[PDB]
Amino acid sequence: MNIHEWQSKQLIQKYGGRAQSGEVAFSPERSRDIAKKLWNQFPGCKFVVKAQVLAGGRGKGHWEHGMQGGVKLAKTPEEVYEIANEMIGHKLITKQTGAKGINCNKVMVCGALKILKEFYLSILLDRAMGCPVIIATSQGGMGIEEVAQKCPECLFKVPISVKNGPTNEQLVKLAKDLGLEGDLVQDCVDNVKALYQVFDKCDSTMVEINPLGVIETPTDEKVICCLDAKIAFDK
């Protein structure tokens, strides 16, 4: 099974990772109120409304009633209301769902972020190798399998000691292989450590961050942040 994005991000935050969990809403009225209250802190900010469904490919999916996209930018709380009203109580159709679509009864309302870089990072049990592995790449061709077949050099696989877990040396090297320098190296190290603790201590079969981002804070500091999150379990 999988848990929803906002819950996965909350779990990551509990273990010390930086992730935009936003706030969940079960009505367009609530979504509007969330956005309106956020304008008390960052007046004029834009918003993103993300359908919370147990399926991927939301950004490029489309709703049964016509609207395009499960991840949509909004300029105002009223636009947040309108967008959320087309998601909540309706059926989203993506690549992963097929024509059958998937029901949505809730969204995440978050602030729109300035994104400088997007990475893919996942942690799973690699049966072939017999150990957990951290997989990551800086390519933006979406499909992780697509990049793997068109550019094997683009994918970094880090085998993890089943017993001791990741070592600082492994994570520092991965951070530099992804092109990070300066404070972002240790920032990425700390975030991947948190992600591995989620994977390990929560008995997950996969922790997948697509994308793991370099973002700018409202005062332009560059930090690592999970922009999407999917955590799977065996039940």
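One rule holds for the numbers: they count along the sequence shown, beginning at 1.
Higher mean CA B-factor, judged across 178-186 and 194-202 from the recorded values: 178-186. Relative to its counterpart among 82-90 and 151-159, 151-159 has the higher mean temperature factor, C-alpha atoms as listed in the PDB entry. Reading the B-factor column for the CA atoms of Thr76, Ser138, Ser122, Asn105 in the entry, the top value corresponds to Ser138. When the Cα B-factors of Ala112, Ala128, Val71, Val109 are read from the PDB record, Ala128 comes out highest.
Ranked within its chain, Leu54 lands in the middle third, by CA B factor from the PDB record.
Among the modelled residues of the chain, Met1 sits in the highest third by CA temperature factor in this PDB entry. When all modelled residues of the chain are sorted by CA temperature factor, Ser31 is found within the lowest third. Per the deposited record, the Cα B-factor of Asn210 falls in the middle third when ranked against the other modelled residues of its chain. When all modelled residues of the chain are sorted by CA temperature factor, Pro166 is found within the highest third.
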